[PDB]
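Undergrad: make a model of this:
(chains A and B)
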2 protein chains.
Amino acid sequence: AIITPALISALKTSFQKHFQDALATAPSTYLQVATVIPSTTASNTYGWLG
Amino acid sequence: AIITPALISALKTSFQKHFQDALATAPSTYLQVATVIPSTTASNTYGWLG
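TA: Residues are numbered from 1 along each chain as shown, chains lettered A, B, ... in the order given. Coordinates below:
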């Protein structure tokens, strides 16, 4: 006649991490639509002739 | 002879430590009425069989 706190609830229970980091995020797709340009200062300026 | 107050007031004297630890009351008087139990845990559960 063990008291409920020390029962299947807590005393008899094993922790498992099968659900961890299983639901993923949508795959990255920004490369297909955008291109990467590096920078090394506060801003970047672009110019073309015509 | 004929020493100014600063030289007399200056620390020609040695500094001891017999003052410290004089009133150091002996701890651990609670062991007579209490037992020390390590936790290593947020909480502890104590349940005995009858």
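
Undergrad: make it CA atoms for all contacts and neighbour counts henceforth
TA: Fine.

Undergrad: can you show me the strands along chain A?
TA: For chain A, applying DSSP state E gives no strands.

Undergrad: which parts of it are helices?
TA: Under the criterion DSSP state H, helices of chain A are mapped to A:30-33.

Undergrad: the residue most central in space within it and residue B:12, how far apart?
TA: With the centre of chain A defined as its mean C-alpha position, the nearest residue by Cα atoms, centre = their mean is residue A:25, 6.8 Å away. Plainly put, residue A:25 is 76 Å away from residue B:12 if you go by Cα to Cα, to the nearest Å.

Undergrad: one more: residue A:47?
TA: 80 Å.

Undergrad: so for those two, which residue has more residues nearby?
TA: residue B:12 (8 against 5; other Cα atoms under 10 Å in any protein chain shown).

Undergrad: need the phi and psi values for that one.
TA: Note on residue B:12: backbone dihedrals following degrees, to the nearest 10 are phi -70, psi -10.

Undergrad: residue contacts, it?
TA: Counting by Cα atoms under 8 Å, 6 or more residues apart in numbering or on different chains, residue B:12 touches no other residue.

Undergrad: how far away is it from residue B:19?
TA: 19 Å.

Undergrad: over to residue A:18?
TA: 63 Å.

Undergrad: what do you get for residue A:49?
TA: 87 Å.

Undergrad: so those two - more neighbours on which side?
TA: Taking residue A:49 and residue B:19 together and counting by other Cα under 10 Å, residue B:19 has the greater number of neighbours (7 against 3).

Undergrad: got a list of what the more buried one touches?
TA: Counting by Cα under 8 Å, 6+ apart, residue B:19 has no contacts.

Undergrad: do the same with residue A:5
TA: residue A:11.

Undergrad: same check on residue A:23?
TA: Contacts of residue A:23 (Cα under 8 Å, 6+ apart): none.

Undergrad: burial measure for residue A:6, as a count.
TA: Residue A:6 - counted by other Cα under 10 Å - has 14 other residues nearby.

Undergrad: quick one, what contacts it?
TA: A:12, B:47.

Undergrad: and it, how far from residue B:41?
TA: 17 Å.
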